[PDB]
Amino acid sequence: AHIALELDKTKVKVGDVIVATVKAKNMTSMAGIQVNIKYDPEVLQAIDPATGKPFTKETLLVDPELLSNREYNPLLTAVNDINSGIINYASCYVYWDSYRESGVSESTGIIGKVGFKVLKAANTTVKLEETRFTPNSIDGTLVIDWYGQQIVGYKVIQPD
């Protein structure tokens, strides 16, 4: 069981597009997630990978695979801090009762994507990390189960 952050490109130059992708594997019972992706605003700017629209405070992660089934009522939210380089995205079903009794666990899959148009040639860091939004976290990740209790003991993998 782990949450991973994958970048499809590691070392490139200015004006290029880096798709960061938040992913979960074997997160059994997961009914909801909150992640924090910390970046440097001076070196990198947050954008939508499909159209190229910049990220504001209310902007969600692109193209969720997990926690998106309308049967179980997804409640998506984002309170990002672009000024201080934080993506704060939360997603969380309401109808847990049905989700657990269906006999399907949303364990492995994509949480969401975020584009990153590069501004400077100097090298920087991109990772899942604690903020003011996520106290009592595992490397800037909170995860609940279909009973509402916080899941603990999964690993959080960063990119290179």
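Numbering starts at 1 and follows the sequence shown.
In this entry, 35-43 shows the higher mean Cα temperature factor of the pair 22-30 and 35-43. Of the two segments examined, 142-150 and 9-17, it is 9-17 that shows the higher average Cα temperature factor in the deposited entry.
Note on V94, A121, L67, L128: the highest value goes to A121, judged by CA B factor as recorded. Annotation for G109: CA B-factor lies in the middle third of the chain's modelled residues.
Among all modelled residues in this chain, the alpha-carbon of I82 has a temperature factor (C-alpha) in the highest third. Split the chain's modelled residues into thirds by C-alpha temperature factor. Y99 is in the middle one.
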